[PDB]
Structure formats: structure tokens, C-alpha cells
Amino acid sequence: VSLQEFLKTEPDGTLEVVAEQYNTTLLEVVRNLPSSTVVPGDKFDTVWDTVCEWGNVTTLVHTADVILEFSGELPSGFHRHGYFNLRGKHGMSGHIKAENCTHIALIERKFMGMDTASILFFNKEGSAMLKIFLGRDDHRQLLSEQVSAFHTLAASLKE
């Protein structure tokens, strides 16, 4: 089966190993998803500044040996000398080489039966440099008000 008709079931797990199995990038897998919106990285400020208004979200960084995730409001930031510098908001700060972000995707899919809505920031190799996931309530369901705002952003970008 080719990649696009394969991603039309719903993979039993993460999108990263689908990319392996087809000798391709995470970005190429995301493009072939049933429900994804992919835009160039010059939409970074529009996407970032929009999510900053959504309330508590989860920001995630993945390395070979660590996953750190931060639940809370997305900090605002400013550009200086190639860096996007986060302003310290109740805990999380740091910097992003935002000009190395060449693509951004908004994704909706099931992950092990769980509705998910995420924003993926891609580097020039087609791999993820950062992920943001929508927040959840006490019964582990998405916050519908955030889902609505996410849908508004996807429509404004593309769809």
C-alpha cells in the first residue's frame, strides 16, 4: 500500500515510525494525512501569537533521550538576531531558531482512540523541532473551546 492510502486507516501509534517505514520524512507523512493543514514557516508569528491566546496548552520537545512537556499558557516572544526569544510566563521560557522553521502543520487525528489536535513545527530536514498539543479536561477530553479556536486558525491559514 502506498503512503496516502495507508494513512486513511489510522496508524496504531505515532506518525514518526510511519515515516521510517516509507523511507520519507515526518513532514511527508503529515502531508498525506486525511486531516492536516501545512503552511510555510513564514506563518510562525501568526501561529505563535494566535496560540498565545488559547489558554493552557502543552508544548513538547523531543530529543533522543528526553521528552519535556510544559502545560500552561504559551509565552509570547520577540525576534532578535535570528532567535525567537520567549518571555518568562509562569515557568517556561527559552528560545527558538524560528528562521529554521520551514513548515508548520495543524493536525487532527486519533491517537490510540484519543481525539488529538496538534501543531507541528518542522525544520528543513522535514523533522519536528517543536510540538504544541491542545489542552484537556479532568476526563482527558479536549477542551472544545480550544478546538473551535484551532479550527478557526486552520481556516484562516489554508485548511
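The first residue of the shown sequence is 1; numbering continues from there.
Residue range whose averaged C-alpha B-factor is higher in the record, 130 to 138 or 46 to 54
The recorded data point to 130 to 138.
Between the two ranges 87 to 95 and 65 to 73, the one averaging a larger CA B factor in the entry
Going by the record's values, the stretch with the higher mean is 87 to 95.
In terms of CA temperature factor as recorded, identify the highest of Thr116, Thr59, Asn100, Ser35.
The listed residue with the largest C-alpha B-factor is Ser35.
If you rank every modelled residue in this chain by C-alpha B factor, which third holds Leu143: lowest, middle or highest?
Middle third.
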